[PDB]
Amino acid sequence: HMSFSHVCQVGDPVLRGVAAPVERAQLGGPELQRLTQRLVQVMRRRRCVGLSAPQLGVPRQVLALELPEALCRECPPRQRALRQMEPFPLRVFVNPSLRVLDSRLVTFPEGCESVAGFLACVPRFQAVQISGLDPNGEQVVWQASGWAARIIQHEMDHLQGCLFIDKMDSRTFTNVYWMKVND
């Protein structure tokens, strides 16, 4: 028993809508457990550090985030330190809200699994707090900074119908097969 999943690509209106809350009657239930399992499976397959339900075609407020040690480790040390990229365990948020904790802007290239094959530089706040429910209805709060805060912002934007191309420095948009190099 295997099935297919797909990450929706830009043009699909589900990516531009504002996702509906998960109804309380759904908390702790099998449908929501299937959705969270699916999100995490695709995230792990694609090695993407976060993913949201609208990207699997489900217009609900659910997102997952996970940054394993191996992904950080593959980033050259100087880049890792400049991007403040450090590992954190899996968190799934249902009906989350975001508050900015440190509004200083930091710009780095970002991509998106729903705009496959492109990167552009995007300003993001240095630190944010995400608060919401876990799939069982318990309150979860996470204050994060650096690269963790960027991923949180990217996924929360997807629940608002916002993609990185709405916020990018467009002159840095590039196919991934083009890159800057040292001479």
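Note that residue numbering begins at 1 and tracks the sequence as displayed.
Legend: mean Cα B-factor per stretch from the PDB entry, 17-25 versus 166-174; the higher mean is in 17-25.
The mean C-alpha temperature factor is higher for 26-34 when 26-34 and 56-64 are set side by side. Highest C-alpha temperature factor among 92, 85, 98, 105 per the entry: 85.
By the numbers in the PDB entry, the CA B factor is greatest at 141 among 149, 156, 120, 141. In this PDB entry, residue 51 carries a Cα temperature factor that places it within the lowest third of its chain's modelled residues.
Remark: residue 126 belongs to the lowest third of its chain, ranked by C-alpha B-factor as recorded. Per-chain ranking of the deposited C-alpha B factor places residue 74 in the highest third. For residue 114, the recorded CA temperature factor ranks within the lowest third of the chain's modelled residues.
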